[PDB]
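Listed next as structure tokens is one chain, alone, in the form deposited in one PDB entry.
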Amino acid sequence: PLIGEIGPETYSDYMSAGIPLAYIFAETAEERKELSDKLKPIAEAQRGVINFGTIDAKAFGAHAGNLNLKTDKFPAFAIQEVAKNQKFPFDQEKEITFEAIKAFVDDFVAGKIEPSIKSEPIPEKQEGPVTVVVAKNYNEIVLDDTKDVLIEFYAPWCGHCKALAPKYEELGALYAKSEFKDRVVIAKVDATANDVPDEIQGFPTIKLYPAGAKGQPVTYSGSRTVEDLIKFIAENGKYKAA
């Protein structure tokens, strides 16, 4: 059929087809059938341009994360550009109608949709001395030209990251009670759960984005002690802060 079933057996063939895959996520076979029937004419119009399939959002709801979709909100629709490793999620707050999916797919084909940037949600509160960065607040926080921003790119599974974390919190606390508390940010970002503009080759990576020098961040290479990190901030930031 034109709209097949995306699952562990058919995934490799969709990934080998060399064209995007549009996913129709729904939690029941009836809804999958309803949406497949509804959207068939769009799949037909796109034959050989974009493959369409349904995907069992009960069994494979987690797969929605691969498309920068929320893993808990169905039904859902997204296009994966397999060539380019780009993901184009349709807004899970909108109803999946013929007209809206047609307009979405038409916009995708027209080049009108920017690839989605993977991000955790904006943290609901920013209290505790270390600031949590996600892709959606990276520009506002890290590239804030009025603050020296120390940013740790880490993975939750990373042993050195785990070892660093208590020292990193001690560092945040020192700055938070310093006379530089409104111009130094001690921040971290889970680089496994957020796309960042930085090229990160290993974890942890620590960079200082100085006030007034955001295009020239300084990569830290010291001993990862609190004292060494204070020195690093003091030496490389605009505010010579400690």
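Numbering starts at 1 and runs along the sequence shown. Rigid core (definition): largest C-alpha set, two forms, superposition within 1.5 Å.
Missing here is the form deposited in another entry; even so, the following discussion is about that form.
Relative to the superposed core, residue 120 undergoes a C-alpha shift of no less than 2 Å between the shown form and the other one. Residue displacement note: residue 207 has its CA displaced by under 2 Å between the shown form and the other one (rigid core superposed). A movement of the C-alpha atom of residue 17 reaching 2 angstroms or beyond is seen between the shown form and the other one when the two forms are aligned on their rigid core.
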